[PDB]
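Peer 1: Below: the sequence, then the experimentally determined structure.
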Amino acid sequence: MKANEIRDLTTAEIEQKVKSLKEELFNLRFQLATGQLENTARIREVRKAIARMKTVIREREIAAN
RNA sequence: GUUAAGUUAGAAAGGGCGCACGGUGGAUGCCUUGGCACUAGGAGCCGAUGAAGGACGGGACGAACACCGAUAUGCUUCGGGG
């Protein structure tokens, strides 16, 4: 997901995908607290994909300053 | 046959000793998951660019340890490694 997201433009191509995965993380715990979910390791992998995205823009702010 | 005097062994409610067989127990014997002692070399300070210490928290899995801060049981990228 590195060159997939390094090549993405700074403004919304991370940010809307940040916001969608925030909404995606918002939905998966609802299935799990009810118990109506199976692939629980994806939920770990979603936040694993979240934290690697917020550090992209923060790295690019260092590239700015 | 009995009468008389007369000796004279046995027993065990339970215990004493000798062996036999168990139980509690944790000593010894052996080992090491850590110690102390130094020698040799290296390092001898970190902080208002927020310390040391923490407290509170983070997993599909329950609390505690260890790891780690709402980017939370790693994250990117640089090498190693298969």
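Peer 2: The structure has been received and is ready for your questions. Numbering: from 1, shown residues only, chains lettered A, B, ... in the order given.
Peer 1: can you tell me if the longest helix seen in chain A touches RNA strand B.
Peer 2: Selection of the longest helix in chain A by residue count, based on DSSP state H, yields helix A:41-64. Yes: contact of helix A:41-64 with RNA strand B is found when judged by C-beta under 7 Å from any atom of the strand, involving A:41, A:43-44, A:47-48, A:50-52, A:54-55, A:58. All C-beta atoms are positioned from the backbone trio N, CA, C, and that covers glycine.
Peer 1: what packs against that helix?
Peer 2: Helices and strands touching helix A:41-64, by 3 or more C-beta pairs under 8 Å, 6 or more residues apart in numbering; DSSP states H and E, are helix A:2-6, helix A:15-34.
Peer 1: Can you point out the buried residues in it?
Peer 2: Within helix A:41-64, the residues that qualify as buried are A:43, A:49-50, A:53, A:56, counting by 16 or more other C-beta atoms under 10 Å.
Peer 1: mind saving the C-alpha coords of that helix as PDB?
Peer 2: Output for helix A:41-64, consisting of C-alpha atoms alone and laid out as PDB, is shown next (Å, rounded to 0.1, in the frame of the first residue of the first chain):
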ATOM      1  CA  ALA A  41      -8.600 -10.300  11.600                       C
ATOM      2  CA  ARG A  42      -9.600  -7.800   8.900                       C
ATOM      3  CA  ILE A  43     -10.600  -5.300  11.600                       C
ATOM      4  CA  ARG A  44      -7.100  -5.400  13.000                       C
ATOM      5  CA  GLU A  45      -5.900  -5.000   9.400                       C
ATOM      6  CA  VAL A  46      -8.200  -2.000   8.800                       C
ATOM      7  CA  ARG A  47      -6.600   0.000  11.700                       C
ATOM      8  CA  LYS A  48      -3.300  -1.300  10.400                       C
ATOM      9  CA  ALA A  49      -4.200   0.400   7.200                       C
ATOM     10  CA  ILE A  50      -5.400   3.500   9.000                       C
ATOM     11  CA  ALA A  51      -2.200   4.300  10.900                       C
ATOM     12  CA  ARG A  52      -0.100   3.900   7.800                       C
ATOM     13  CA  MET A  53      -2.200   6.600   6.100                       C
ATOM     14  CA  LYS A  54      -2.200   9.400   8.700                       C
ATOM     15  CA  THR A  55       1.600   9.200   8.800                       C
ATOM     16  CA  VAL A  56       1.700   9.900   5.000                       C
ATOM     17  CA  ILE A  57       0.300  13.500   5.200                       C
ATOM     18  CA  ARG A  58       2.300  14.100   8.400                       C
ATOM     19  CA  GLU A  59       5.400  13.000   6.600                       C
ATOM     20  CA  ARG A  60       4.400  15.400   3.700                       C
ATOM     21  CA  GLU A  61       4.000  18.200   6.200                       C
ATOM     22  CA  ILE A  62       7.700  17.600   7.000                       C
ATOM     23  CA  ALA A  63       8.300  17.700   3.300                       C
ATOM     24  CA  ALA A  64       6.600  21.100   3.400                       C
END
